[PDB]
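Chains as they are written, first to last, in the deposited numbering: chain C, 449 to 467, 469 to 607, 615 to 732; chain D, 448 to 464, 468 to 607, 613 to 733; chain B, 0 to 202, 210 to 229; chain A, 1 to 230. Backbone N, C-alpha and C define an ideal beta-carbon position, used for all residues, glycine too.
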């Protein structure tokens with residue numbers, strides 16, 4: 449159906465790792482290729498890869514990284530559209546790119562559209578993070594890395617922990633992941649958008665963070681949101697970050713709130729005189 | 448139920464222009483091509499299901515992304531929304547001044563789109579600058595697949616956009632005038648538009664005959680109207696794609712390879728990027 | 000030390016190199032020549048000195064704010080203050096240059112009303128700028144001279160100019176923020192701003215769209 | 001006068017975007033003679049990089065205007081003279097920075113980190129002088145740039161891991177030297193791709209902060225390699 453014959457994809461430079470390792474490739478233009486560097490996949494890696502392909506074959510949206518095909522012959526591989534640019538994690542914490550509040554709002558709106566689509570197709574991403582958000586031509590948001598994604602059909606199949621909700625981190629029960637865990641990850645990415653930094657910035661260790669978020673003793677410091685961030689956006693992120701799953705909002709109304717707030721456009725933080 | 452969208456989920460907005471295309475809201479913006487008829491006739495339903503079948507095989511950055519279909523109120527194809535006018539609009543109605551580098555890039559993206567299409571044995575049969583859309587004047591998107599097909603032995607059944620039709624397609628004298636080559640000739644015409652700034656056969660007094668002369672071969676595009684900075688390789692490639700006889704025309708892997716090669720010998724616009732201040 | 004045309008060419012070249020101090024020096028020389036400037040020369044002088052002084056206004060605001068957040072540190076606040084007064088001196092010298100050029104060449108040689116309202120507006124704007132950093136004993140005087148020039152231009156503005164005219168739309172914008180910021184008269188500033196915006200909506211093509219957007223942002227934030 | 005007062009006023013000049021003041025403050029701090037701290041080093045680097053970047057951008061603009069002005073000989077003469085004014089400013093800035101390096105910084109660099117950082121800064125400022133040097137002194141400046149770059153490169157590969165941000169930035173700047181100054185794309189892409197691939201190998205081995213520091217330069221290396229092969 450979407451299988452790509454061996455030999456058609458010219459694989460170029462190794463660019464990094466994913467949930469496999471990612472390279473650049475040429476196939477009717479540019480493509481990205483996530484591939485597994487093993488001679489013989491184990492049944493668990495082969496089932497994981499088949500599940501990821503199954504999920505991606507249901508994703509068809511402008512703000513979702515466009516899946517283009519898969520290959521099995523040399524090694525198992527998922528191939529997507531190529532995105533010139535960097536991840537949103539890179540822009541926020543690796544180059545400190547000065548984004549205007551308008552572009553931050555637009556990035557949040559496009560991410561919300563992507564996760565509205567995903568949840569409307571009963572897909573839970575289970576690893577939504579600023580590193581898995583890519584900017585195409587520094588203009589369009591593309592949600593990527595579906596290696597931990599699934600469809601919700603009443604069965605559970607199974615370092616980046618800042619986006620993990622307390623339930624997920626607590627591990628009280630075997631099936632923590634849900635729409636609300638994704639909503640909390642989204643809350644964390646809005647935290648990143650509106651503060652410019654990661655949450656839990658001052659607690660340095662990585663292991664205690666888990667205990668504190670699971671218990672509820674620690675939550676993101678919403679006082680580090682910058683003053684030009686609309687109040688609605690801070691309210692929405694607070695709603696998406698609430699400690700108990702059942703009080704968090706759903707993505708249709710998260711999207712509706714971002715859409716309504718999209719249109720409101722206060723360019724003026726303070727008053728402003730006539731320019732050139 | 449695979450790509451069908453339940454009725455009520457799509458809010459249809461303004462009429463913007468095949469079937470009456472409108473703007474709509476569905477998990478963001480979408481474009482909706484809709485036939486405004488209560489009950490589809492069996493030819494319209496065959497055409498519509500054929501188009502959906504073709505679109506469900508297209509998954510490429512330079513193809514207008516098919517997102518789903520609907521049948522409940524009326525039959526409807528839904529795609530992503532692309533902010534920006536058609537290439538025909540930018541070239542001949544607003545005369546947007548494109549640099550030669552951007553023209554080469556536009557040709558390269560269209561070539562990628564039809565390399566993908568032909569690699570999945572899809573013939574568009576209506577490739578023209580009107581069916582090429584610009585996404586934020588940055589990405590090219592091939593669209594309007596109402597006349598596209600998978601090449602099958604028993605391939606079942613043009614209006615006025617005559618200038619992208621290959622001579623054999625005008626003659627309809629051949630057993631199958633639609634082919635990979637006919638699309639390549641339409642592509643040659645779009646490169647003509649790109650390098651000329653004008654539609655082909657501009658300085659001509661009579662209009663109905665022009666069909667007769669291109670069908671005979673008396674008429675071919677005037678390549679002397681190509682601008683002086685157009686790379687010579689690009690002019691030659693257009694000539695190759697527009698030759699009167701189908702079997703002297705190149706294939707899209709070779710068109711794509713040559714357009715890609717020319718872009719690397721194009722001088723660079725931006726400068727290098729050095730270590731930024733911490 | 001060169002022809003007016005040579006100075007205008009070096010001014011345009013400094014403009015494209017974003018070296019606003021050089022362009023300002025060039026246009027200062029061009030105005031000390033004594034002849035009336037053209038619309039282009041007027042615009043180059045405006046851009047040059049507005050950018051030169053805007054850099055200093057931005058730095059002053061940043062360093063003043065940082066002055067506020069000195070808690071329990073004498074020497075930090077002392078350093079921030081002395082730096083603020085350095086910036087203050089540069090800001091004043093610049094504004095004094097611009098106001099001397101305005102009073103000795105620009106306003107007297109303005110033939111049409113447009114030129115002289117523009118130069119009186121610039122007069123008010125630079126007094127504005129000086130006002131924002133004014134100490135308090137001379138502050139009153141500077142504010143008085145600001146409003147005198149502003150209002151003097153204002154009187155001629157809606158007497159010979161169409162509601163769409165960008166120069167007055169800007170004069171209105173600067174006079175309204177003058178009332179709101181420099182003084183404390185929200186009622187007057189909002190009254191004037193809404194009056195001008197509604198008169199403009201009633202009756210340059212792209213310039214006025216954005217100045218009405220600046221008016222709508224101003225009133226939106228003041229209310 | 002105090003070293004800490006100069007560093008603090010340098011940071012305050014950085015916040016007000018008055019890079020000439022920050023540069024003067026850091027020049028005083030380095031003229032005091034003591035080894036700079038990492039923060040003091042980075043403030044000096046940022047200050048002079050902004051000071052010289054303004055002139056580099058203006059030089060590029062007026063040079064382009066100079067070559068693209070054909071008919072007017074008087075306008076082209078004025079653009080030439082303004083280009084030489086900007087060039088003179090550029091040279092004075094670069095000679096200031098190279099004097100600071102040669103007279104104070106290099107001898108007090110105990111660790112290898114410091115000496116690759118300062119030799120790379122020397123290569124960068126000689127490279128900025130190469131971007132505008134014409135004919136007679138061009139070759140000398142290019143040779144001194146390449147020599148400093150090469151020595152820093154050797155010390156990088158001998159005492160710094162491939163992911164070290166200073167080594168990655170040295171690779172990036174040396175590749176840009178090869179591409180823009182010597183006009184030899186093959187050697188520049190070779191160096192860039194080698195450094196990027198060797199860093200990508202070990203990239204998983206880092207901390208989040210080391211990862212931010214290394215990735216910021218690795219993304220620039222991959223942007224350059226994408227752009228040089230396009």
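By the rule that beta-carbons nearer than 9 Å mark a contact, residue 517(D) touches chain C. With respect to chain C, the C-beta atom of residue 227(B) has a partner C-beta closer than 9 Å. Per DSSP, residue 530(C) lies in no alpha helix (DSSP H); the unbroken beta strand (DSSP E) holding it starts and ends at 526-530.
Residue 59(B) is classed as buried because its beta carbon has at least 16 other beta carbons within 10 Å across all chains shown. Taking 9 Å as the cut-off, the Cβ atoms of residue 681(C) and residue 647(C) count as close. Pairwise C-beta distances place the segment 214-223 of chain A in contact with the segment 190-205 of chain A, as three or more of them are shorter than 8 Å. When 8 Å is used as the limit between beta carbons, residue 15(B) is near these residues of chain A: 61, 62, 65, in chain order. Runs of beta strand (DSSP E) with 3 or more residues, each lying fully within the segment 133-195 of chain A, are absent. Contact check between the segment 175-183 of chain B and the segment 714-730 of chain C: three or more CB pairs, one atom from each, fall below 8 Å, which counts as touching. Relative to residue 713(C), the option among 581(D), 502(D), 477(D), 569(D) whose CA is nearest is 477(D).
If you draw a 10 Å sphere on the C-beta of residue 54(B), you find 16 or more other C-beta atoms in it, and that means buried. With distances taken between CA atoms, residue 201(A) lies nearest to 461(C) out of 461(C), 453(C), 450(C). Residue 51(B) sits in a helix when the DSSP states are folded into three classes.
According to the DSSP assignment, residue 719(D) belongs to the alpha helix (DSSP H) that extends over 707-719.
Nearest neighbour of residue 621(C) by Cα position, chosen from 582(C), 588(C), 668(C), 601(C), turns out to be 668(C).
Taking each of 92(B), 141(B), 35(B), 74(B) in turn and checking the Cα distance to residue 118(B), the smallest one comes out for 35(B). Collapsing the DSSP output to three states places residue 463(C) in a strand. Contact check between the segment 637-645 of chain C and the segment 689-704 of chain C: three or more CB pairs, one atom from each, fall below 8 Å, which counts as touching. Neighbours of residue 530(C) across chain D, judged by C-beta separation under 7 Å: 511. The segment 72-83 of chain A makes no contact with the segment 108-125 of chain A, as fewer than three CB pairs between them are under 8 Å. Between the segment 532-546 of chain C and the segment 207-217 of chain A, the count of C-beta pairs closer than 8 Å reaches three or more; the two stretches touch. When 9 Å is used as the limit between beta carbons, residue 86(A) is near no residue of chain C, the shortest such separation being about 23 Å.
Under the three-state reduction of DSSP, residue 577(C) is assigned to coil, being neither helix nor strand.
Inter-segment contact for the segment 134-141 of chain B and the segment 152-170 of chain B is absent: fewer than three beta-carbon pairs are separated by less than 8 Å.
When the Cα atoms are used, residue 150(A) and residue 717(D) turn out to be separated by approximately 34 Å.
For residue 731(D), a Cβ of chain A is located within less than 9 Å of the residue's own Cβ. Annotation: the continuous alpha helix (DSSP H) that includes residue 541(D) extends over 537-542.
Residues of the segment 2-27 of chain B whose Cβ lies closer than 7 Å to any Cβ of chain A, in chain order: 5, 8, 9, 12, 15, 16, 17, 18. Within the same chain, 551, 554 come within 7 Å of residue 721(D) by CB-CB distance, once the 5 residues on both sides are set aside.
Using a Cβ-Cβ cut-off of 9 Å, residue 557(C) does not count as an interface residue toward chain D, since no Cβ of chain D sits closer than that to its own. As the crow flies, the alpha-carbon of residue 146(B) is around 7 Å from that of residue 123(B). By the C-beta criterion, the segment 568-588 of chain C is judged to be in contact with the segment 532-539 of chain C, since at least 3 inter-stretch pairs fall below 8 Å.
The beta-carbon distance between residue 529(C) and residue 451(C), rounded to whole angstroms, is 15 Å. This is too long to meet the 8 Å contact definition.
In this structure, residue 87(A) sits away from residue 51(A), with a CB-CB distance that is not shorter than 9 Å. For the segment 537-557 of chain C, the set of residues with a beta-carbon nearer than 7 Å to any beta-carbon of chain A comprises 539, 542, 543, 544, in chain order. Rounded to whole angstroms, the separation of the alpha carbons of residue 556(C) and residue 649(C) is 9 Å.
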